[PDB]
């Protein structure tokens, strides 16, 4: 496409929503290629990641950890206006794994506090992809401070299984998983810092142990539980997009399965089926499609159970509906 052809394409401004929710979209593309516009303001902010009150100086796209999920269709152009407010103290940029060229856009979006930039790229490949900040010389520090999210490039014909059958979800959730490396004092208590830079040296030492102190979903231990638990109903089809920009994860839906899982997150790669626990390598996004068949509470975890239950990588689903005794039944309840 020439500049003239691209300038002639229709444009659509999209309002982002906070994870785990996803902004309104159409699974099957409506019309021809478009330039989909998004705007995100970067916020360096203090966030609490656990019930004890542990703090992290987060570097957050759109003010959240993970950054929001942007949705477009194959061959659409994603045009992101990225803003680094003067209240911030560090330079930031953005690397879209979905993009081609200049370190994913990273080489063209380096903005200092008080600057903004507009990057446009063609979403040539379908799938879910990670996006993350990556300032030369300070790459992992920004990523493990929460500066990452994901986008979904849907095929123009919507999702299909490995054999051509269409797969239409009723709802979609985006679960961003984050590994945090929080310094501790001699009492084993987590430390607090006045400014983000003050935490750098202590944090890098923890990062080098390759052992996170917290592994969480949606930015905090228990963030997707209670009134914030995800929801579904028996018979409902749910797509769960999951990303980890720096470290491996192994998603599992307790009491369920991944009926179709694009473990690599790429739609042209046939999905695995009937999965118990799938694997998403650090630096990637994956997606699982499931039709709930049983009501009740489900846990959704990173299946290194220590990471799930001790470090924080566990969410819940509340599912409404009728119990199916054919699928499962207590023949004899716990008794003497």
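Positions refer to the first chain, counted from 1.
- When the C-alpha B-factors of 138 to 146 and 192 to 200 are averaged, 192 to 200 comes out higher.
- Legend: mean Cα B-factor per stretch from the PDB entry, 180 to 188 versus 227 to 235; the higher mean is in 180 to 188.
- Remark: of 258, 222, 255, 114, 114 shows the highest value [criterion: C-alpha B-factor in the PDB entry].
- Ranking 286, 283, 33, 67 by the C-alpha B-factor listed in the PDB entry places 33 at the top.
- Sort the chain's modelled residues by C-alpha temperature factor and residue 321 lands in the middle third, per the entry.
- Annotation for residue 243: C-alpha temperature factor in the lowest third relative to the rest of the modelled chain, per the entry.
- In the PDB entry, a CA B factor belonging to the highest third of its chain's modelled residues is recorded for residue 88.
- The PDB entry assigns residue 79 a C-alpha temperature factor belonging to the middle third of its chain's modelled residues.
- Placement of the Cα temperature factor of residue 266 within the chain: lowest third of the modelled residues, per the deposited record.
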